[PDB]
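# Descriptive analysis of the structure
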2 protein chains.
Amino acid sequence: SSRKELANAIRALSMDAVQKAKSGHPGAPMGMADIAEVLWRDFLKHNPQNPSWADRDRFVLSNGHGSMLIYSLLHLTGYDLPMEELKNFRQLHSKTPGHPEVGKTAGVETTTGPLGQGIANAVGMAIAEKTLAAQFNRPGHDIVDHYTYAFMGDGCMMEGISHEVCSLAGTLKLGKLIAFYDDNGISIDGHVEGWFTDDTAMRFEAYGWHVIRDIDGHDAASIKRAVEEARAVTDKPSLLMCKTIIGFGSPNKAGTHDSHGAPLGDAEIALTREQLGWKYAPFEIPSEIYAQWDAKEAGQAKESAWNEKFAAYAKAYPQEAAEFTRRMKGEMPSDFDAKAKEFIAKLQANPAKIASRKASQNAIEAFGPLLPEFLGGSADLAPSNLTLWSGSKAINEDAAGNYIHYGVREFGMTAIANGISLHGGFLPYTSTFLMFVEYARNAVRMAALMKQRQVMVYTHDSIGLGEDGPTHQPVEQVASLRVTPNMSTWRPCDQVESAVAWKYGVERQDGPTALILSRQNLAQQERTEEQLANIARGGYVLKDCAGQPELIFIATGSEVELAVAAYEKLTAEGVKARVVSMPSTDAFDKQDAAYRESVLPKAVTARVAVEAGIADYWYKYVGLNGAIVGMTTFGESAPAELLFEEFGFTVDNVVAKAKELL
Amino acid sequence: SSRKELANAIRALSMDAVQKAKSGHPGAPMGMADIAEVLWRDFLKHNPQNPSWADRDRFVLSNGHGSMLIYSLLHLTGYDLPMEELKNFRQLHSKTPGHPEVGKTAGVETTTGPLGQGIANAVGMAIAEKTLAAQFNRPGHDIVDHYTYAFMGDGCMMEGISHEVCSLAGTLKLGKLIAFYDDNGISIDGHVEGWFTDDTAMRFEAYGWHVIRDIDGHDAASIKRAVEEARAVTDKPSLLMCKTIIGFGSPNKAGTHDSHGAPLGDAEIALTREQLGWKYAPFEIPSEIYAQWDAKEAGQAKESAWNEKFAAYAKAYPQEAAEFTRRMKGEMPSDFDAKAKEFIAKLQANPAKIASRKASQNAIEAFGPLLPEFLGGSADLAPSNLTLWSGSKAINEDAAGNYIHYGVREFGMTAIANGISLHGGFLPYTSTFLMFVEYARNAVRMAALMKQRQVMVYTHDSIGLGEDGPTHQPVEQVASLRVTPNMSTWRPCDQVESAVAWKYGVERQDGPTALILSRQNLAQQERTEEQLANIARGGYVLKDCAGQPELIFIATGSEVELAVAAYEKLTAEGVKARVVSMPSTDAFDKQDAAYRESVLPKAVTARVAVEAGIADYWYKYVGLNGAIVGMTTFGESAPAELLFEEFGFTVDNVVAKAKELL
Ligand SMILES: Cc1ncc(C[n+]2csc(CCOP(=O)(O)OP(=O)(O)O)c2C)c(N)n1
Ligand SMILES: Cc1ncc(C[n+]2csc(CCOP(=O)(O)OP(=O)(O)O)c2C)c(N)n1
Ligand SMILES: [Ca+2]
Ligand SMILES: [Ca+2]
């Protein structure tokens, strides 16, 4: 068959699956089918029977609303995605959800839908490939060598995150990142020139990318030659600007915004079939077309050849081969747990009153030699977030390094680290002040939705940062992380809880972990061995009375000290009080019921929560008959000690509130 | 005095004030003093005696950490900011907080600190001047004519929001926006070439800006000539790239990342005075330097001339003069309340089962003719968000219009609208799907912190949107808005509550209002005249029993219908139940104690909350002995009716949970 007929099979499946679901976006899949036919049949290195092959090329559909394009490609090339799933596009529990979801459908590399993040994830996959090749390849033993391809549309180019990630990709010279831009002149509001007039080619040359302009996106020969030129440029990422017609093939709706996001209609589909010359009924693909699209034979040959090369590598470099396999699987080193527990025990025995941001740097220093898979960075706040350790080597200086200077690009940083984690081989950690989790908020949600491991280090967590004032002092950000599904959030009260929280975050395989750290120094608390083990349960009894408590204080982070001092004052007056330290509400909520009742007994309703954060969160644990010493307003610019007094974080106010319940 | 000695006055005050506070950032203020001297003494049109003059030029310091730069300028030119406040920089309740704050210090036009948002607000100020001039100027009476100047640094340039708002500024041809870039080669991590290598001039030419490269930022004549040239380009915004030395004057710290954000030290300050030739003691400015910087005489002369122009304008165009005055004050038209009340009562009398996104478009259509100050827009979702009304005219087609096609730029859209609100003369509304409030989250927080009126229309509020799936279906976003100080959030259950929420939002002068709207149709509830009036109290009794209730349902938005059906089943079994509709928790919490107790009596603890959003928010109203029917996970891709069933939003499940409390 001609290349056009093969590309028309993508068009037929896309328009028919959107029509059957009566929902979805036919436009982009029909406008990009010729580009995808060239990319997938002539260049993409993959094996449909093993979507986990370590050295496969990575493809990312950043304009994720065109999901029928990737489902058509996966079906046609031989992945495990049967025609029956294409007929159940957008239906309950099918393997073809409205936007592609990683882990759910074989062959899908990331979850897209939120514009801009797929090209960010692809920059992260290209950094991972480059860095893993630099760390493991040996001359004649290049076991890491694969490209990262991305499709993106006008919506991704308008979003600010495309500027963050493509600017940094130009700095880091990612020659194996090749992006195809669907330049079709249309967005949801209509013709884009009323709101989008950039000279995009000139903008990308300003980032140091190689750019190929004016590619006829409906001519296979033109597309093929552009891909060949881009693959020969090895020191700059490439942008291929492909001029396409949205909804290509539809006599009445091609080139209009009406083909973007609704079914074409049965009558228009009949006309489109005739204009394309596509003679097959819905969901019918002839044998001859499958034979030209299937990639099972070539896929097995390419992976077979790589397995022979990896076996030769393991005979000369056995230790490196075992590390490569452990890291690609995301397995922890077998001695890690033991060494981390010894370090934690040592800190409990040698108290230090230091900020938890410094305790965090001390844990990175202790774990660094044990976890070569670290790939960490900070958004231009290394000296304040304290993310460098003695072994950090920045990858703009040494390609085989383990640290990234991300620049002032929080959202791009977090979504790039999600691409690092999806690639395999690394354990990324990212960092900025806690307020600026608001710049990166949806990339944090996307790590939790895609169940990816990433440690997020957020320092300067409250009015305790002082003079910078209310634009930087967090109030309500912690509560927003705590109610995000699948997010783990730790607010440690001293250097020991900080080390426990870092251990929990590196061992968490199915989701991210945010550490909420202080700028100011925190006193260490004394613990028995039983209490030291309970820190990982998220909430635990830190101070107790003989007999049952009449009053319970619940505190976190820097406010644990205040609740211990109030406990000391009330116990001296004969009150039976208890202090519960709650570094993580999500780890506590997961404990068995008898554990949670032994910490927070249901019969004790006189409960006081103490935290320099928005008060309304704490009704979950104190109920309507308790009291909350928290913030209800924005902060103020002044020295931290004065702010804690101004906002009621004093021993006298805590005791007074507790006494009102007695 | 030479220009350099006048600029050194800024340098001395800035390093000495940082030194006294022992906190703050001397680098940028020392680097940019010479540019500020030229701009403020030779070009800025302002009156220090009236910082609210409607036709003043607007100045924005986007690199807000250099706050002593603006406090020095306001003090020196004659604003009401005495030397004692400069001596109290960063101290509790001073008029010189660590980052500049609008509303607290005379002359400060916006609150900056979060990088990238200053330049976004400046773009909104320039949009507002252009649109207001087009609406009100008449031949021989140009009552609106002023520039918008912004200073920005490398941090602002790296942030994604600078691409969003500078790209749109180019499309809109904002000739009166002139930005100065502090090109000093340094950020907090060190020399920026490791992480920032853009050809910034070529990027801004790709946006359609006029760019002046390689300006010696320490040479007054070069700076003056570049401003003159930028002022003469009237159809493109200009970027002046000014090469400066960070910490200019300090022998040992100039040009290093050490001068960015820590005091220089007494010894260094002494050497800096010697290098600069600055002889005066700390906080000592000679009378002759004040005489050259004071702008009170010139400012009063220019405002006096504008006042006479406005009086002549009001004689020739009396209707337009009265509207200009009303809009600049932010007052409602005198018949708005009565007309809006009539529209609301009409809706209650003529029920319709429509989505609240459609009820929102219907309110825009009714209020549109009454509020010519609307300046609304959507982030490329006009046909889904339903933000156009019959009188919408986009400003890319007609400069006197009232609608902005923002493109796919949620964060730039929201911080531009903040700049439109700060300028005066308009009431902005912005819109996108609720999930993408996470892309613009810190701009939404800054609207609340600055106390600015903006209506934010967020549609597609829950798993009720259906097939687009978990990347798009909100779960925890409404709870994050509700715990933001000074944010108002409404989730109306039908077309009547929707109109009351829009009315509340346009009348709210001291903060923003978000409307949370459904994609799917909502049934209308019956109300007496008393219930109809209580909708604006945020929480009210919708259905009740005789005597004190034994069980109370609290529901919002699309779930009120489920709660009412559960009430009907339980009432038929003889339970005394009540249903409370709670469209706004923040308006309910502001009610007096007597009203809140009448709606939610403290003695009744059997309370059930029903809402398709994260469950943990609701402990605030249901306590520990109540139940919540909510979401605790991400959503799924499927038709809406099936998701409500799958996640437990059914009458039978709500009845079952309620019965467990009885
Ligand atoms: C961050 C974000 N904002 C808004 C949307 C809603 N949305 C989906 S596609 C789209 C614009 C369509 O533009 P383009 O990328 O040009 O796609 P095309 O119509 O050409 O396929 C928008 C606004 C989204 N998915 N993500
Ligand atoms: C959104 C955001 N992220 C991070 C910061 C913390 N921060 C303050 S200044 C700065 C970088 C300094 O760079 P530049 O703008 O070049 O300032 P200069 O040192 O040249 O004054 C950073 C990262 C911030 N204020 N806002
Ligand atoms: Ca497009
Ligand atoms: Ca700089």
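Method of structure determination, per the deposited record: X-ray crystallography was used for this entry, reaching 1.9 Å resolution.

Attention shifts here to the coordination of the calcium ion (ligand 3). All names here are of chain A. The coordination sphere of the calcium ion (ligand 3) contains the protein donors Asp154 (OD), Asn184 (OD1) and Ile186 (O), at a distance range of 2.4 Å. Counting gaps between the donor residues of the calcium ion (ligand 3) yields the pattern D-x29-N-x1-I. With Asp154 in helix α6 (residues 154–158) and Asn184 in the loop between β3 (177–183) and β4 (186–187), the pair connects residues that are 30 residues apart, well separated along the chain. Note on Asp154: relative accessible area 5%, which makes it buried. On the basis of relative accessibility, which here comes to 15%, the residue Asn184 falls in the buried class.

Mapping chain A onto chain B leaves a residual RMSD of 0.2 Å; the transformation is a rotation of 180 degrees accompanied by 0.1 Å of translation along its axis. One copy is carried onto the other by what is essentially a two-fold rotation axis. By C-alpha distance to the rotation axis, the residue of chain A lying nearest is A:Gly160, at 1.9 Å. The share of interface residues of chain A whose copies in chain B are also at the interface is 99%, consistent with both copies meeting through the same surface.

Residue and element names in this part refer to chain B. Around the calcium ion (ligand 4), the donor atoms from the protein are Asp154 (OD), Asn184 (OD1) and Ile186 (O), and they sit 2.3 to 2.4 Å away. One chain supplies every donor to the calcium ion (ligand 4), and in sequence these donors are spaced D-x29-N-x1-I. For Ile186, a relative accessible area of 7% puts it in the buried group.

Neighbouring ligand 1 are 21 residues; A:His65, A:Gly113, A:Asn184, A:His260 and B:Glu410 lie closest to it. At the site occupied by ligand 1, nearby residues are drawn from chains A and B. A distance of 2.9 Å is found between an oxygen atom of ligand 1 and a side-chain nitrogen or oxygen belonging to A:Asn184. Between ligand 1 and A:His260 there is a distance of 2.6 Å, counted from an oxygen atom to a side-chain nitrogen or oxygen. Relative to its unbound accessible surface of 590 Å², ligand 1 loses 98% to contact with the protein. For the shell around ligand 1, the secondary-structure elements that each account for two or more residues are α6 and β4 of chain A.

Consecutive side chains of a regular strand alternate in pointing toward one face of the sheet and then the other. All names here are of chain B. Where burial is concerned, most of strand β9 (residues 374–378) is hidden: 5 out of the 5 residues are buried. Here β9 shows no split at all, with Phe374, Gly376 and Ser378 on one side and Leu375 and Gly377 on the other all buried. As judged from the 3 bridges shared by β9 and strand β11 (residues 427–433), these two strands associate in the parallel manner. What sits directly across from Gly376, in β11, is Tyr429. The sheet contact formed by β9 and strand β10 (residues 403–405) spans 3 bridges and is parallel. Paired with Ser378 across the strands is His405, a residue of β10.

Our next topic: the sheet that holds strand β7 (residues 238–243) of chain A. Residues and elements named next belong to chain A. If you trace the 5 strands from one edge of the open sheet to the other, you get β1-β2-β3-β7-β6, paired in parallel fashion. For this open sheet the edge positions go to β1 (58–61) and β6 (210–216), each flanked by a neighbour on one side alone. In this sheet, neighbouring strand axes are inclined to one another by 15 degrees on average, regardless of whether the strands run parallel or antiparallel. Pairing geometry for β1 and strand β2 (residues 148–152), over 4 bridges, is parallel.

Inspection of every chain in the model, using the stated rule, returns 57 aromatic pairs over all chains. Between A:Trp40 and A:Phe59, the ring centres sit 5.5 Å apart and the planes meet at 80 degrees, which makes this aromatic pair edge-to-face. Of this pair, A:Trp40 sits in helix α2 (residues 27–43) while A:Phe59 sits in strand β1, and the two are 19 residues apart along the sequence. The same class applies to A:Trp40 and to A:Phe59, which are both buried. One cation-aromatic arrangement involves A:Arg482 over A:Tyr617; the distance from NZ or CZ to the ring centre is 5.0 Å. Directly above the ring of B:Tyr595 sits B:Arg537, whose terminal nitrogen or CZ lies 4.0 Å from the centroid.

This next bit is on the domain arrangement of chain A. Residues and elements named next belong to chain A. Taken as a whole, chain A is organised into domain 1 (1–325), domain 2 (326–536) and domain 3 (537–662). For domain 1 and domain 2, the distance between their C-alpha centres works out to 33 Å. Opposite the 33 residues of domain 1 that make contact, domain 2 presents 32 residues. Interface area for domain 1 against domain 2, summed over the two sides, is near 2,800 Å², with a carbon-plus-sulfur share of 64%. It is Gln117, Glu164 and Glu323 that lose the most area in domain 1 upon contact with domain 2, and together they represent 19% of the buried surface on that side. Between the two partners, domain 1 and domain 2, sit 1 salt bridge. The shortest N-O distance in the salt bridge between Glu323 and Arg326 comes to 2.7 Å. The tally of links from domain 1 across to domain 2 stands at 19 residue pairs in polar contact. Secondary structure elements with two or more residues in the side of domain 1 that touches domain 2: α5 (117–136), α7 (160–171) and α13 (318–329). Counting residues per element, the side of domain 1 that touches domain 2 draws most heavily on α5, which supplies 15 residues.

Facing the 97 residues of chain A at the interface are 98 residues of chain B. Summing the contributions of chain A and of chain B, the shared interface buries around 8,200 Å²; its carbon and sulfur component is 57%. Inspection of the chain A/chain B interface yields 8 salt bridges. Of the charged contacts, one joins A:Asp468 and B:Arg90 as a salt bridge, the two residues approaching to 2.9 Å between their closest N and O atoms. With 7 residues, the top contributor of residues to the side of chain A that touches chain B is α7(A).

Take the site of ligand 2 next. Around ligand 2, 20 residues are found, and the nearest of them are A:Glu410, B:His65, B:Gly113, B:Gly155 and B:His260. Measuring from an oxygen atom of ligand 2, one finds a side-chain N or O atom of B:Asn184 at 3.0 Å. In the environment of ligand 2, an oxygen atom lies 2.5 Å from a nitrogen or oxygen atom belonging to the side chain of B:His260. Within the complex, 98% of the 590 Å² of free accessible area of ligand 2 lies under protein. The set of elements that each furnish at least two residues to the shell around ligand 2 consists of α6 (154–158) and β4 (186–187) of chain B.

The rules behind the values
- Residues numbered from 1 in each chain as written, not as in the entry; some residues may be left out.
- Chains lettered and ligands numbered in written order.
- Heavy atoms only, no water.
- Donors = N, O, S within 2.8 Å, 3.2 Å for Na, K, Ca; no water.
- Helix = DSSP H or I, 4+ residues; strand = E, 2+ residues; numbered from the N terminus.
- Buried < 20%, exposed > 50% of the residue type's maximum accessible area, 1.4 Å probe, protein only.
- Least-squares fit on C-alpha atoms.
- Contact = heavy atoms within 4.5 Å.
- Near = heavy atom within 4 Å.
- Polar contact = N/O pair within 3.5 Å; in protein donor to acceptor, adjacent residues only side chain to side chain.
- Areas by Shrake-Rupley, 256 points an atom, 1.4 Å probe, with all protein chains shown as cover.
- Pairing = 2+ DSSP bridges.
- Axes fitted to C-alpha atoms, helices over the stretch in contact; angles between N-to-C directions.
- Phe/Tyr/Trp six-rings, centres within 6.5 Å; stacked < 30°, edge-to-face > 60°.
- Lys NZ or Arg CZ within 6 Å of the ring centre and 35° of its normal.
- Domains from an automatic or database assignment.
- Buried area = accessible area lost by both parts, 1.4 Å probe.
- Salt bridge = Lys/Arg side-chain N within 4 Å of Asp/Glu carboxyl O.

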